[PDB]
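Counting starts at 1 for both ligands and their atoms, in listed order. Because only heavy atoms are used, hydrogens play no part in the values below, and waters and symmetry mates are left out as well, while side chains stay in. Here is how names work: the chains are called A, B, and so on, in the same order as the sequence lines, proteins then strands, and each is numbered from 1.
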Amino acid sequence: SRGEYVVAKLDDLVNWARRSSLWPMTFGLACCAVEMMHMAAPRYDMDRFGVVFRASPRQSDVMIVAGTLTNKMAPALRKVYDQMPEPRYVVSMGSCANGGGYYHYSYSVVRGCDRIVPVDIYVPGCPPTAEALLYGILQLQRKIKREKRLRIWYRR
Amino acid sequence: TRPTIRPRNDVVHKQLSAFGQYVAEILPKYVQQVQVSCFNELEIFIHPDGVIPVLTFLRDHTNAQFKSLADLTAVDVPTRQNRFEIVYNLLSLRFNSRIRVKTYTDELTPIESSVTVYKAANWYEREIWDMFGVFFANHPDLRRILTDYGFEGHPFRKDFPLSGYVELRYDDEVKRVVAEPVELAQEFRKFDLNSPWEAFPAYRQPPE
Amino acid sequence: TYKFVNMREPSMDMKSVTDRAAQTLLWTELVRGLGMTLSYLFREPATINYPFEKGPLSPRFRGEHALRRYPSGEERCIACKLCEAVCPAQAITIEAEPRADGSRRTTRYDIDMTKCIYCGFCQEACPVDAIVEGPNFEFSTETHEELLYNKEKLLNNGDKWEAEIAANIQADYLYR
Amino acid sequence: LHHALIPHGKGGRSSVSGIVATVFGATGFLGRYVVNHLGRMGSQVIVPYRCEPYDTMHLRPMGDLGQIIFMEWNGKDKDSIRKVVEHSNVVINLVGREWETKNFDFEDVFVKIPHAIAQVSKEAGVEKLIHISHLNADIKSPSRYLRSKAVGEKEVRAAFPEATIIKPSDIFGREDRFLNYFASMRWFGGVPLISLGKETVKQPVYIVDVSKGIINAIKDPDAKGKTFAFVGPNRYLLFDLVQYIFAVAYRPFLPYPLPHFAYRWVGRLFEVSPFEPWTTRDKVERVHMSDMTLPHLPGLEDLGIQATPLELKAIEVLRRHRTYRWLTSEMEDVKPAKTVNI
Amino acid sequence: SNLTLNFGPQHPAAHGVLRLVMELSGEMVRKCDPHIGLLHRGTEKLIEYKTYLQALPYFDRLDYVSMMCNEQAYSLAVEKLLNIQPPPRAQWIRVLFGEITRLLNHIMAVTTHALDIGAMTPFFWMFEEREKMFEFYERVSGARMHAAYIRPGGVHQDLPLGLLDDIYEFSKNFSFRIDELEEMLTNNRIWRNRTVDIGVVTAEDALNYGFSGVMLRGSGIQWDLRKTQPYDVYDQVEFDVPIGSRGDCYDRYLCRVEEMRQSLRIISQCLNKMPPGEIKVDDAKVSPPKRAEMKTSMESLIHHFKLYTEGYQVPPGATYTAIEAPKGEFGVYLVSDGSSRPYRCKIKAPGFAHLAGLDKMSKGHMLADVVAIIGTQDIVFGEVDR
Amino acid sequence: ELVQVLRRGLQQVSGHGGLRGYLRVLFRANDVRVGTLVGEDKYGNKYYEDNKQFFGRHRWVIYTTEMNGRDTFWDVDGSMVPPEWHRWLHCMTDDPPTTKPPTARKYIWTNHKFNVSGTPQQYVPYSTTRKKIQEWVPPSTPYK
Amino acid sequence: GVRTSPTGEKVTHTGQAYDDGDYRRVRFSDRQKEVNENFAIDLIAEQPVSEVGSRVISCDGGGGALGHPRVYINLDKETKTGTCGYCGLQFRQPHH
Amino acid sequence: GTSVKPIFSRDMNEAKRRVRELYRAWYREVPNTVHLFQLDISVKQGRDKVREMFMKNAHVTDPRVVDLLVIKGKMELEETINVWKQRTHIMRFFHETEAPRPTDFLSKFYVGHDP
Amino acid sequence: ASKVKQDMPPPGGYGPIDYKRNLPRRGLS
Amino acid sequence: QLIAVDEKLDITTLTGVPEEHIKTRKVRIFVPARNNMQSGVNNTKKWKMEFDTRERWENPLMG
Ligand SMILES: CCCCCCCCCCCCCCCCC[C@@H](O)O[C@H](CO[C@H](O)CCCCCCCCCCCCCCC)COP(=O)(O)OCC[N+](C)(C)C
Ligand SMILES: NC(=O)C1=CN([C@@H]2O[C@H](COP(=O)(O)OP(=O)(O)OC[C@H]3O[C@@H](n4cnc5c(N)ncnc54)[C@H](OP(=O)(O)O)[C@@H]3O)[C@@H](O)[C@H]2O)C=CC1
Ligand SMILES: CCCCCCCCCCC1=C(C)C(=O)C(OC)=C(OC)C1=O
Ligand code: SF4
Ligand code: SF4
Ligand code: SF4
Ligand SMILES: [Zn+2]
């Protein structure tokens with residue numbers, strides 16, 4: 001039908017705009033942040049994919065949890081995640097953020113940031129190489145490409 | 001005993017022994033023991049009351065001039081009536097030397113704060129209070145430094161469990177991060193590693 | 001032996017003073033910085049065209065884990081549990097029993113890849129080159145559960161990457 | 001009891017509750033609280049969803065690794081229902097809409113879908129079925145929503161005789177359409193009330209109370225084939241309730257009476273929106289209808305729960321509706337409203 | 001009443017995990033109160049449940065900008081407690097990679113400091129050099145930063161053939177990158193206005209506050225642990241110690257740039273003097289045997305098995321071992337009870353004392369000045385919180 | 001020398017199979033360089049080398065437009081490279097699998113699979129051990 | 001040597017399969033169960049027994065230092081073959 | 001004799017006086033905490049909780065332990081007044097997400113093995 | 001029976017490496 | 001000057017241990033028995049304190 005065609009094309013356009021302009025919050029915790037810095041460095045140049053850091057959570061689309069999340073830090077991470085406008089996405093980077101990693105059995109460490117926020121992509125490694133993080137970002141782009149918000153609204 | 005074995009230094013050993021005798025002679029009121037290790041490190045074991053007079057001496061005496069406080073930490077030994085060993089590591093740049101000062105305390109006995117001797121001690125003492133529960137008297141601002149706000153207990157004590165007692169998660173009914181008693185999907189696996197055969201005869205204790 | 005970094009003095013002759021005044025009024029060092037950035041603008045950039053181009057890696061690179069086989073297809077792992085003992089993160093869980101033919105083989109071999117620190121101590125400890133860190137690094141997932149590898153996953157990884165793994169081991173094993 | 005489904009642990013996140021629950025309608029208001037309570041104690045939760053997966057993300061942290069499983073389903077496809085209830089011992093139905101779409105009317109969502117869910121669950125061997133109805137469900141009601149609810153509970157009892165039917169009355173909470181609905185009526189200057197709200201009695205119930213009641217009914221072996229009514233501890237006139245709502249939000253309260261026909265006209269006007277309607281004729285009818293009194297049915301206290309009064313929890317919903325000048329005002333500052341409690 | 005502000009943790013200049021409670025009058029900083037522990041992971045307690053080899057990787061993650069230097073400090077402490085000596089080639093490799101690590105750290109410190117101040121471009125120029133340096137790490141160990149290469153007894157593996165030539169090729173060009181960075185910053189009047197006479201600290205206060213490294217040498221104190229208390233083969237390489245005169249941010253930045261140049265000098269000497277021989281101590285009760293020996297001889301298999309399951313026993317005793325890490329004096333107080341697991345391991349990080357001195361250093365300054373002073377202290381919170 | 005670079009650009013246009021191939025490679029890989037073909041995958045990936053480019057740009061892959069089941073005209077990722085060309089492409093070796101083929105084993109996958117996360121083929125963990133405690137089975141006959 | 005259960009679930013080489021009444025099977029709905037198809041026991045069963053003319057044979061698994069620790073296997077018993085405790089390769093002295 | 005060094009108080013009377021000072025400070029602070037943190041509890045709830053926390057340690061008879069408890073309570077109050085604690089830290093005193101654990105023998109017997 | 005082969009510097013050592021500051025004057029009066 | 005207390009030492013209120021893990025626990029104080037598989041006696045020299053063993057169960061995922 002014509003309505004399904006229109007909503008599918010509109011879904012395609014909106015998904016393209018959102019996956020081509022992905023602005024992660026200037027946010028990192030530990031050694032993994034160093035690899036993230038290397039992903040922004042000239043060799044990989046994430047800006048050439050349209051990925052740009054912005055300090056304000058109001059102006060950011062992606063949270064990259066790059067480093068260990070402690071109990072003392074968890075409320076602050078939750079706060080700055082809640083202050084991101086929607087749509088918003090979370091990338092968990094490194095073993096510490098993924099499940100606790102080296103410090104899993106610690107009294108002061110959250111055993112994976114998915115206990116605090118929902119996670120779209122898990123990037124393994126300690127730390128993941130900048131290339132592995134770029135692969136995870138492109139995987140998130142492909143995941144955003146598959147959303148069917150307007151089709152599902154039309155089928156309601 | 002050639003390439004594999006670490007070489008010895010008799011000159012430094014003798015110099016450190018002589019300086020330890022010097023310090024013990026100058027401050028008999030507080031010095032309980034002096035030791036020089038075989039890798040040339042000098043330790044002075046003192047009564048707690050002498051924390052301030054000894055450190056000040058080691059900082060201000062013309063022949064000591066230990067102006068730098070490299071580190072200040074505590075060690076927990078539950079078998080001792082005085083649980084906590086307080087360790088000061090000092091560096092003298094004038095004489096290119098290092099010294100260690102050791103004292104003891106239990107759970108309920110305060111130790112005099114040494115911020116008037118070394119300002120660097122401030123945070124170190126906070127950390128000790130945070131991790132071991134040792135109270136420092138006359139500290140300018142004593143409070144937790146490393147643990148979460150409201151955290152209960154002193155994690156670095158030997159009887160504190162490795163994973164603690166509470167863990168954190170986000171709860172949607174109350175819309176906030178909450179603390180609940182810790183539950184582990186996989187329990188940490190305790191390993192018994194000690195060989196039942198003695199390794200070092202030079203450290204054998206009398207069989208009581 | 002030492003040097004001073006900021007212990008120089010300026011000459012007070014009219015030539016040097018007038019040169020300093022000209023620098024102050026005409027902004028010569030700012031123009032020098034502009035020239036440096038302009039020079040960088042005309043240099044070739046260092047960006048590689050990922051994913052069509054990749055960063056260089058060594059045969060010693062530590063990637064996704066795999067379990068290996070003998071050329072006959074028999075598993076190399078004999079359930080000694082040295083990798084489990086040495087693992088600094090306690091990421092390995094092993095259960096074993098005698099097989100139907102009496103062989104010493106594992107029934108459970110799990111690696112929690114969200115606990116793992118990718119140190120490679122397991123492959124150093126292994127006496128039969130059974131567990132290895134392969135070259136693959138692009139194995140991100142959408143869920144946490146997919147990163148809890150069981151023995152079937154690790155054997156599949158070995159079967160999938162053995163061609164590369166064997167070549168890397170052949171390249172590096174004379175250093176081990 | 002199927003050894004793998006024998007309770008273990010302390011009742012926390014890593015524990016095993018012994019419950020395997022399929023929660024239809026888990027992506028809505030009551031569904032998130034039900035899923036959170038199930039996942040708190042270590043239940044295996046299955047979430048059938050028809051919406052975009054981005055709209056289920058908030059349910060992911062609610063359970064430990066492996067304890068929440070998401071699956072697509074279609075309300076008009078019995079194979080999807082069979083797929084999502086095949087391995088469950090508990091099925092909870094929270095599917096419902098407060099308006100009619102071009103694809104699903106009230107009969108579709110309140111009669112046909114509950115009947116299909118109950119029949120498939122009975123075929124698949126599910127042991128416990130929880131069905132949510134309304135306190136004011138009536139075959140002769142002026143609201144077609146409530147007529148469909150009554151018909152649907154009849155059919156659910158027909159297809160699954162051991163079902164537990166729970167009839168709440170106007171749940172209030174952070175994501176509710178009750179307290180937020182009355183607080184969003186200020187955007188129109190005055191507050192229209194039929195008969196000034198003087199001939200309507202409401203007995204709203206807290207959301208956490210309802211979720212805990214569902215959990216306890218699952219854990220209660222006597223609750224097998226019973227019908228519960230979940231109501232709050234106090235009864236209010238609609239005028240007094242709305243005035244209290246506006247006082248808690250510190251907004252000027254200007255109530256005026258609008259006749260039934262004009263309010264119906266306004267509701268039909270708002271019904272033409274292709275998005276979520278601000279109000280409907282059915283919503284207008286349900287708002288101005290008194291809550292039924294059903295003493296013969298067991299309630300929350302028969303499941304070990306003392307009902308939370310509105311006065312202790314109104315601020316957690318209505319603080320968001322205040323201007324900056326009144327955000328810090330404390331809970332006990334508002335002087336609770338009068339109650340007509342028999 | 002002063003205004004109270006949360007500076008971080010989610011702040012660009014706060015390094016991710018630092019929450020600084022600042023009391024301000026306008027933009028004048030009345031008081032600085034750093035709150036830390038947002039990256040406290042309980043490393044020191046976790047180490048008490050590990051063997052010495054198992055504890056080694058925890059040191060990579062303390063100062064994650066200087067990995068092999070932390071490895072070297074821990075290895076030296078354990079070797080002192082074991083009364084053993086690393087082989088000479090291992091010591092030369094250790095010094096070479098320590099200077100490569102100092103290059104990495106000083107690049108990170110200088111460029112991130114400049115980025116806080118506002119000069120964003122040199123970060124991009126220098127991080128490609130960091131990338132090339134990362135490859136040297138990965139080629140030697142298989143990991144770009146957390147190498148775990150330096151172990152008690154020596155190093156884990158020998159250098160692959162061809163690594164020295166590539167290190168030489170990189171080293172013969174790094175000086176021009178330093179020159180470009182200095183052309184961008186050193187004589188710029190905006191940079192000097194942002195750095196000169198900011199965070200001035202006296203020599204006496206620096207000593208009493210527990211400062212080390214550049215935080216001392218910027219104030220004129222002639223002290224460097226590589227010169228005064230040498231370890232490995234540092235008493236066989238020639239280099240100069242940069243010394244400041246004002247004790248401010250500008251002199252410390254100049255000192256770090258000159259330390260990069262002297263590190264290049266040391267790296268050249270290390271490349272030209274690398275000797276042949278084995279790369280770990282020839283004592284199989286401490287260092288594991290070669291894999292071919294393990295698969296052929298009974299004693300080698302037994303020692304491999306025991307070193308990888310129980311680990312070597314360390315004789316009882318306590319040592320405080322310190323090195324001149326790129327961020328200052330990095331120390332370990334290691335207590336062995338005689339078993340194969342350390343009884344206590346206190347880690348001394350220079351950033352701890354340096355950040356404790358931040359409120360003193362910020363007196364009489366503004367917000368931007370405090371940003372500059374944070375950059376000039378060269379703080380990494382992995383080592384601060386441990 | 002502007003004419004030289006213009007002629008090199010036109011040569012790049014001609015060396016990609018005309019304007020249509022030039023635009024295909026421009027829109028599929030944002031790169032229009034022409035290099036020496038080293039080999040081709042069984043899946044359709046082509047591999048090119050140009051040692052006159054600096055290290056990191058001297059080797060590259062043009063991905064196939066159709067892998068195991070999916071259309072990869074626009075959706076490509078690094079997991080599509082099979083292991084032998086993975087070793088060549090990341091410069092872990094200097095020899096392509098054409099001059100130095102990998103050792104054959106009967107247990108090695110004949111068909112490389114890419115990252116299947118988010119698909120019905122995704123990996124699902126499960127315990128691989130048998131049941132540990134065996135329950136008593138009551139007798140099936142009445143006892144009185 | 002793969003094999004299917006009465007539920008249609010493939011049985012792994014560890015002999016682990018979910019029962020007919022096990023709820024945990026729900027984890028494989030809309031997804032799959034990862035199973036390795038190259039069963040090591042069957043693969044080593046296809047290797048032939050090597051005839052050697054000595055009472056003691058040496059095995060290191062092939063490849064020299066790329067194999068397993070070198071062990072020595074006694075072949076005195078004529079009722080059975082000599083099996084390597086690392087590799088599974090079988091050896092015997094010629095008989096008959 | 002017992003030769004013990006005090007912390008602040010020589011006997012139980014001065015320790016009790018310090019306890020009363022700390023209690024007054026907390027009681028005064030509670031309404032400000034309710035307002036500043038935007039809590040949904042009443043001031044009576046907070047004060048009842050403060051009383052409960054103090055009552056938890058009523059059995060202590062050692063003046064040094066009392067002094068250390070007062071020191072810890074002062075630390076907690078200073079954390080609260082300066083808004084170093086967040087709302088989660090304040091609400092952690094109420095345990096609003098933990099299910100009620102039974103105390104009688106029979107319910108514990110039904111639920112598990114813990115005594 | 002081959003010779004020991006190790007990563008070592010070439011005979012006569014490596015070529016000289018520059019480290020000192022180089023900021024040319026490069027300006028008019 | 002010292003204050004001369006006369007009560008037994010009790011630090012329970014200062015350790016931060018939950019009530020349940022104080023009054024319901026039973027510790028065993030013992031010299032561990034020699035492992036019968038070996039003749040070495042070096043693991044039978046010191047006294048050990050350990051706690052009573054509590055419930056362990058199977059994780060639904062991963063077992
Ligand atoms: C007029 C003012 C109001 C309108 C505002 C919008 C302005 C105009 C809209 C701009 C349209 C341009 C978008 C087209 C760019 C798509 C590029 C292409 O690559 O997208 C592909 C497919 O694109 C999408 O499927 C859809 C693109 C076009 C959208 C569908 C038509 C809708 C047009 C209707 C416009 C009406 C606007 C509203 C009017 C009120 C997916 O490939 P991709 O994964 O990226 O590449 C991977 C990268 N590799 C190759 C390196 C590996
Ligand atoms: N809220 C109240 O005050 C009262 C509620 N109830 C009953 O409680 C239940 C839930 O209440 P609430 O959670 O507030 O309602 P919500 O609308 O908040 O939740 C609705 C749920 O039903 C699902 N749903 C609706 N229509 C369909 C459909 N056609 N096909 C598939 N799924 C569908 C929605 O899925 P999606 O998210 O994809 O739309 C969502 O998960 C309802 O049955 C309601 O009648 C009873 C008495 C009073
Ligand atoms: C503009 C240059 C790219 C910056 C990329 C954003 C970095 C976000 C991580 C935060 C962070 C910063 C800024 C940082 O500087 C630092 O070192 C102290 C960290 O420790 C690892 C950090 O985590
Ligand atoms: S995962 Fe590894 S590299 Fe990343 S923050 Fe944790 S310890 Fe550091
Ligand atoms: S790489 Fe290290 S952490 Fe990972 S499994 Fe092997 S030993 Fe354990
Ligand atoms: S993988 Fe290697 S080290 Fe681990 S149990 Fe198997 S044989 Fe032993
Ligand atoms: Zn063999």
Side-chain angles (χ1 to χ4, degrees), chain A residues 24-34 36-37 39-41 53 55 64 66-67 152 156, chain C residues 70 74, chain D residues 23-34 47-52 55-56 73-76 93-98 101 103-105 108-110 113-114 131-137 145 149 152 166-173 175-178 204-205 207 210 230 286, chain E residues 9-18 39 64-65 108-109 111-112 115-116 120 123-124 127 375 378-382, chain G residues 58-62 67-71 73 83-89 91:
Chain A
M25 191 183 333
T26 304
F27 183 85
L29 306 164
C31 347
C32 280
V34 169
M36 197 159 63
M37 260 177 291
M39 195 184 64
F53 270 119
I64 301 176
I152 279 165
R156 279 175 189 269
Chain C
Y70 286 112
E74 170 63 274
Chain D
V23 188
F24 291 96
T27 67
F29 176 36
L30 180 53
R32 71 203 280 146
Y33 293 84
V34 168
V47 177
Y49 70 96
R50 64 154 181 173
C51 61
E52 154 77 35
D55 290 320
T56 82
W73 83 302
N74 196 305
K76 295 164 160 154
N93 172 46
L94 313 164
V95 165
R97 202 94 285 169
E98 298 203 70
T101 75
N103 284 287
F104 297 97
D105 51 50
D108 286 329
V109 304
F110 289 131
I113 280 167
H131 172 75
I132 308 301
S133 192
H134 206 287
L135 175 89
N136 299 337
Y145 170 109
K149 285 272 196 184
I166 291 183
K167 296 156 69 65
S169 87
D170 267 332
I171 313 165
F172 63 88
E175 297 93 357
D176 79 345
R177 292 213 176 208
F178 191 62
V205 62
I207 180 78
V210 176
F230 285 5
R286 292 200 339 265
Chain E
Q10 202 277 300
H11 194 105
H15 307 239
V17 290
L18 158 68
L39 202 64
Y64 36 84
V65 191
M108 162 85 68
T111 60
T112 53
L115 197 147
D116 304 353
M120 65 165 144
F123 162 93
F124 293 94
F127 259 63
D378 191 21
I379 300 286
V380 66
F381 281 90
Chain G
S58 172
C59 187
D60 71 334
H68 65 69
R70 184 210 297 141
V71 292
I73 308 172
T83 307
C84 180
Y86 285 98
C87 216
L89 291 175
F91 310 82

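- Listed by atom number, the atoms of ligand 2 under 4.0 Å from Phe104(D) heavy atoms are 29 (N).
- Among the atoms of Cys87(G), no N, O or S atom is found under 2.8 Å from the Zn ion (ligand 7).
- Set against the non-hydrogen atoms of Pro168(D), the atoms of ligand 2 under 4.0 Å away are 46 (C), 47 (C).
- Taking a cut-off of under 4.0 Å to the non-hydrogen atoms of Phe110(D), the atoms of ligand 2 that pass are 45 (O).
- Those atoms of ligand 3 that come under 4.0 Å of a heavy atom in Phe53(A), given as number and element, are 5 (C), 6 (C).
- The atoms of ligand 3 that sit less than 4.0 Å from any heavy atom of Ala33(A) are 9 (C), 21 (C), 22 (C), 23 (O).
- Counting heavy atoms from C-beta on, the side chains of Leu94(D) and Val23(D) come closer than 4.5 Å.
- The ligand atoms of ligand 2 that sit less than 4.0 angstrom from a heavy atom of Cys51(D) are 38 (O).
- At a 4.0 Å cut-off, not a single heavy atom of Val65(E) sits close enough to ligand 3 to count as contact.
- Checked against a 3.5 angstrom limit, the closest N/O atoms of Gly96(D) and ligand 2 fall inside it.
- Ligand 3 is approached by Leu115(E) to a heavy-atom distance shorter than 4.0 Å.
- Within ligand 3, the atoms closer than 4.0 Å to a non-hydrogen atom of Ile379(E) are 18 (C), numbered from 1 in the order shown.
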Discussion item. With side-chain contact (heavy atoms from CB on, under 4.5 Å) as the criterion, how do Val205(D) and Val210(D) come out once you've worked through the C-alpha distance, each side chain's angles and the decisive distance to 0.1 Å?
Written reply: CA-CA 7 Å; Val205(D) 62; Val210(D) 176; 3.8 Å; yes
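- Residue-ligand proximity, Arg156(A) to ligand 2, at heavy-atom distances under 4.0 Å covers atoms 36 (P), 38 (O), 39 (O).
- Less than 4.0 angstrom separates some heavy atom of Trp73(D) from each of these atoms of ligand 2: 31 (C), 32 (N).
- Of the protein's non-hydrogen atoms, the one nearest atom 43 (O) of ligand 2 is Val95(D) O, 3.1 Å.
- Annotation for ligand 2: atoms under 4.0 Å from non-hydrogen atoms of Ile171(D) are 2 (C), 3 (O), 4 (C), 5 (C).
- Among all non-hydrogen protein atoms, the one lying nearest atom 12 (C) of ligand 3 is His15(E) CA, 3.8 Å.
- Taking the six-membered ring for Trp and thresholds of 30 and 60 degrees, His68(G) and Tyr70(C) have ring planes more than 60 degrees apart, a perpendicular arrangement.
- Atoms of ligand 3 lying under 4.0 Å from any heavy atom of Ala30(A), numbered from 1 in the order shown and given with element: 21 (C).
- A cation-pi arrangement is present between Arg286(D) and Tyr145(D) under the rule of less than 6.0 angstrom and at most 45 degrees off the ring axis.
- Contact atoms of ligand 3 toward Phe123(E): 2 (C) (distance under 4.0 Å to a heavy atom of the residue).
- Residues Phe123(E) and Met37(A) are in side-chain contact: their nearest non-hydrogen atoms beyond the backbone lie under 4.5 Å apart.
- With hydrogens left out, the protein atom closest to atom 20 (O) of ligand 3 is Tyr64(E) OH, 3.3 Å, a heavy atom.
- Summary of contacts: the protein heavy atom closest to atom 13 (C) of ligand 3 is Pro12(E) O, 3.7 Å.
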Fill in: side-chain contact (heavy atoms from CB on, under 4.5 Å) between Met108(E) and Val380(E), intermediate numbers included
CA-CA 11 Å; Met108(E) 162 85 68; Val380(E) 66; over 6 Å; no
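- Taking every non-hydrogen atom of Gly28(A) and a distance limit under 4.0 Å, the qualifying atoms of ligand 3 come out as 9 (C), 10 (C), 23 (O).
- At the shortest separation from atom 4 (C) of ligand 3 among protein heavy atoms lies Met37(A) CG, 4.1 Å.
- Residue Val109(D) has at least one heavy-atom neighbour below 4.0 Å for each of these atoms of ligand 2: 29 (N).
- Scanning the protein heavy atoms around atom 19 (O) of ligand 2, the nearest turns out to be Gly28(D) CA, 3.2 Å.
- Taking a 4.0 Å cut-off on heavy atoms, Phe381(E) fails to register as neighbouring ligand 3.
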Discussion item. Determine whether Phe381(E) and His15(E) satisfy the following criterion, side-chain contact (heavy atoms from CB on, under 4.5 Å), listing intermediate values before the conclusion.
Written reply: CA-CA 8 Å; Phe381(E) 281 90; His15(E) 307 239; 4.2 Å; yes
